[PDB]
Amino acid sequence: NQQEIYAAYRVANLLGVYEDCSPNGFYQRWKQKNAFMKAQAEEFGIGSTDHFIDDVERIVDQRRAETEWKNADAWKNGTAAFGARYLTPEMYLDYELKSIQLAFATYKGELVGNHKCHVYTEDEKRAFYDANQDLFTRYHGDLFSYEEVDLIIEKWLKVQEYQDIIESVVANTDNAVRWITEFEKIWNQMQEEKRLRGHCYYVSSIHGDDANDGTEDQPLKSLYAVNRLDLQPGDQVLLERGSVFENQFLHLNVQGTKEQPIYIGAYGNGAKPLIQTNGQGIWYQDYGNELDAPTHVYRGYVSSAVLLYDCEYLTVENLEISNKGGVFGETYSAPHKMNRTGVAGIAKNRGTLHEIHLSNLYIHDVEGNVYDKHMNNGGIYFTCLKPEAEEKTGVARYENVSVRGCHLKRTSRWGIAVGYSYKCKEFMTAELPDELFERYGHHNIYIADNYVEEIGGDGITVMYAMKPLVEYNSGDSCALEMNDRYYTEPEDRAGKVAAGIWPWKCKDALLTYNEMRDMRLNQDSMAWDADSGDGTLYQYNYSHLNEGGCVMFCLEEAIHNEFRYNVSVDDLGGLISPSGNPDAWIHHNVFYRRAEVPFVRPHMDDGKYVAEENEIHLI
């Protein structure tokens, strides 16, 4: 809503968040941001996947072997390059609107223009605690103490005060109309620049006909027609910009070759083609065996806007996807609400699937089951099901798979999840020998340049992969539903926790050049999580105002952990959560903490760690 955008930049000006809070000011900051990331970030993983995807494990080995803080000076004076290397207009606007809100939350001034900044008294914060007990329970139902959530409550109350100022300015509607008229022109200009950045099948919801041959002159009309095409190596399917595919879905079982991949994309002019699945695109998921915990749901119907079922040598690019529920009989937090995906990837009957790539997808309002962790449930979820006959087709798993440039907003439960496998019970040791990955695990997994925001559960998680590279991702405001207010009927599933960007049962994972802000309080709610897995390294990551702190080392199977050359600015709760972990080497980081935010997070402090040569500032 343009009046809310206008109001936000009015507050930004009064807070001094940005020097120029005109629409041109927004445009120049966007241009500056993209030019900076292009000049200063690493080049690896930019451009065609054929030029780098085979080198992911090699670049991971090189970066893990670094012996000093690369560009330490930039990192320490606040001009390092991290987060997504290109921000779309939609990513950038949402990022700045969140920046303004968080600046209000930490503002110490008396006034914002004529608005007197409320000073939240102990009485007022304690009253909020007593009235919102459903927000302060942990994994096992035990409450955080008031003292543990005092500063988080003040942050929340200042965010509400901020939000009330926006609707107030909106209510009070001259130069607002000027500001908004100019913003629309700038927005269109930005969309024009964004847009600038076998057989060809054309599909047009507006001009097509499913009886056509599917040329640009006589395009197909519907995704159902696409679902019926016998797509061959080299084929392209191009969806017309401006198209809306109402209640439609793409369910594909197609294979290109290395030499002639299949491409799904956009053509023409206007908005990204919109797949508006609205809870249709039904299919039956079955892992074929219980998962790592017997309580995890592992079979049932899923709604997916885009289902890639045993696909290979396929790239999907430049689409907008939603998957809203709200069908008759359904409530939002219902225990068995259908699992929903924006893009679901499945490996089952073709052994290793090669060369699946998602690029520049805008996936929002995917209203999956609030609870279920391992059904294909969230914005993007790739999994591996037990093959019909593994002795004939091989272990179902992934090789050379990338998720790049995707924007996720309001997806539940997961943001981006890649790799959960029916072979999960083969990895139930602390140490994970390389042979487990040679037989059962994924190779050359690359997740980069994504923006995940307002996510029900975890932001980005890579699973069962050898040396995955998760880099140059930006995350805001994940774990929104990991609390009793939304997580109403978990039954025996537990799982009321989420962290930002992290690996599960990976070997020698590298998470680097990521940015994570404003994780929503739960027992976890830290930015980074060296979870169960072997050899995880976080380096060159930026974290800010996460309500569960900076980094966790999670229990006895989180082994060979290292956390170096990271910057943490005003993480809350407690900076490090060494929770029952056997080791963690925490060294050569820079932390900025409030005096009343401890280095070690309460109740998550009984693990083994070496913290040395860290620079801890008070703020």
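Residue numbers here begin at 1 and follow the sequence given.
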Between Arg439 and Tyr440, the number of deposited residues left without coordinates comes to none
In the entry, residues of the deposited sequence missing between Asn247 and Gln248 amount to none
Quick note on 48 to 56 and 561 to 569: per-entry mean CA temperature factor is higher in 48 to 56
Stretch with higher mean Cα temperature factor, 587 to 595 vs 37 to 45, is 37 to 45
Of the residues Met190, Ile447, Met463, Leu510, the one whose Cα carries the largest B-factor in the deposited record is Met190
The largest CA temperature factor among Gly268, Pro490, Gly288, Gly457 is found at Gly268
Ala65: C-alpha B-factor third of its chain, per the entry, is the highest
Chain-relative C-alpha B factor for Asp534 (record values, thirds): the middle
Chain thirds by Cα B factor, record data; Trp528 belongs to the lowest
Sorting the chain's modelled residues by C-alpha B-factor and splitting them into thirds places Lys324 in the lowest
Temperature factor at the Cα of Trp75, chain-ranked in thirds, falls in the highest
